[PDB]
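Take a look at this single chain in structure tokens; it is the form deposited in one PDB entry.
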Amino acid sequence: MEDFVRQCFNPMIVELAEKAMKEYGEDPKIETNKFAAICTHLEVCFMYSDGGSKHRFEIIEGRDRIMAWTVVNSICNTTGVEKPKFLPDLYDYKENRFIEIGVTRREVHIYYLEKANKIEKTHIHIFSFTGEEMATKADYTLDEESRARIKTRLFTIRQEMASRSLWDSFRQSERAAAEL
């Protein structure tokens, strides 16, 4: 999986993922499913912002967690949006709401229900590796072409992993994390 990740993701994304794991005391060379999951989620967050104008989004994911909370506080202080209890992935400057992005190897609606349970003003948008998506109130934020690019990328990743016999382990690892 190490070779797959370094071959299919931008070096900057790989390095941010390595950094994140090291800060959490994890080895990218050992927890390789997590390594790929982090890369995939960060890439999706970048592709999501590309779906709006350059004025539309603040990307919160992939930044120093301590500093990210100060940006969240500045947004909440200036816009009057309620402060989220959990650090989100994006802020939408147009709709003035935070966004939580889910990327799951599980079923999109089960994942949505759990995320919603764990989260009230944050908008939730879930993507799968099988071309499915789910979003709060069926409000998908982006146009269909921007979302098609995301779904297509994730579908492509699943096929590439499957051809290297990595998909089944990657799939099961999200469920093992949920079981524990």
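The first residue of the sequence shown is number 1, and the count goes up from there.
Beyond what is shown, the protein has a form deposited with a small molecule bound; the following relates to that form.
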Taking the small molecule as it sits in the bound PDB entry, is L166 near enough to touch it, meaning that at least one heavy atom pair lies within 4.5 angstroms? no
Please determine whether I59 contacts the small molecule in the bound PDB entry, using a 4.5 Å cut-off between heavy atoms. yes
Using a 4.5 angstroms cut-off on non-hydrogen atoms, would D50 count as touching the small molecule in the bound PDB entry? yes
Test of understanding: in the bound PDB entry, would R63 fall inside 4.5 Å of the small molecule by heavy atoms? yes
